[PDB]
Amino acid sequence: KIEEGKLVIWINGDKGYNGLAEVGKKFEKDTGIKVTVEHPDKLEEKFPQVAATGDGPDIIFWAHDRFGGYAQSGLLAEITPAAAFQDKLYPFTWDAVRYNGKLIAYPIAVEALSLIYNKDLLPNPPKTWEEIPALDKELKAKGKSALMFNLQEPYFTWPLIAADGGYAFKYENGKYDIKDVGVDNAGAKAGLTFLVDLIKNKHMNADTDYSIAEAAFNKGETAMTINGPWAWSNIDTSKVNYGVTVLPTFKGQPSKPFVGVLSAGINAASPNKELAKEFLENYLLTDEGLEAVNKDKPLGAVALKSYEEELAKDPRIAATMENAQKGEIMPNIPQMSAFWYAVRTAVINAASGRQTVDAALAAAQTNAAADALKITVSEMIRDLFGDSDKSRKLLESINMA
């Protein structure tokens, strides 16, 4: 199903995929082995669908939060870096791609959202979310807006929902409690309410997506946006005079973005596991490898110590790491995809006025908790009854669409 003797790589469309394809060319030049980089739509859903039938790319790139799930489903090969190779990347990046004791991906870079602002429209960007309504009125009088960011992906609204107490799964004593979901508590509700009120009072539009936000910021129509490192080179080319800074506070609490570690996994179905490791260890995770990708779209703070040090003085990366330190590294547990699906629905339904904030988050809490538990009890049934028809029939009924 997967062709032997070449490498197929999937990476998200906002990432430096042409830069990655140049690393693939260097590899073709040395080894004679061809490398095709693709950025399919809805990658993180596509990968488990094809990989489950034994198909898909040799290498999958995504933030580490989806990897525990892919690993629980048997879609990923355990990786085999030697100790010398492991020494080249920071310890906390290895930790993010460790699942049940096993390394399940190669860490590439640490990403967090920051506030991005146009210095010509707004020399002094707001410290607090609460100042945005008055700032938007001032800017509307000049034919501009205060803030636009992607409202269709809950990743972008999460920092605000988390500011006053929203959380995915409660983390204590080194473990996530999968029954303790923080999606409908008073702090989550307050943050989503603030966002919905911005929409109701006409300071933002519920339909705003990634491309709408990026164009408007890059063409100077809005004074602020919320985005990651991968967005910066488009802003460089647009010549807007921008700064990257700390997210505004909400109720005097820091915004708490969920932090991702962009990682590369090897497909368990892949007949090229050795070729894949040669590429990632010896071509991509080198100074020259990461530079080709970073020069395409910035990676953030990369996992490779040698090249991290080279980019450490960039104020935009310092701001990134200042926001990351206020937030938290996402869990990689298999229950994360349940969390994200439930919160996506809540934000879109609350924003568009289809449900109240209270109803939207009540149902997201219920759905997230129920789906997490279905993941949990599935693994338990397999431990009890093995890989068997009995356990297959229990699981089909338990996870019934």
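In this text, residue numbers run from 1 along the sequence as written.
- Remark: stretch with higher mean C-alpha B factor among 240-248 and 83-91 is 83-91.
- Look at the mean CA B-factor for 217-225 and for 95-103 in the entry; the higher one is 95-103.
- Taking only the listed residues 366, 332, 345, 53, the entry reports the highest CA temperature factor at 53.
- The maximum CA B-factor among the listed residues 165, 74, 133, 300, taken from the PDB record, is found at 74.
- Among the modelled residues of the chain, residue 33 sits in the highest third by CA temperature factor in this PDB entry.
- In the deposited entry, the Cα temperature factor of residue 176 sits in the middle third of values across the chain's modelled residues.
- Residue 63: CA B factor lies in the lowest third for its chain, per the PDB record.
- Ranked by Cα temperature factor within the chain, residue 209 sits in the middle third according to the deposited record.
- In the PDB entry, residue 125 places in the middle third of its chain by CA B-factor.
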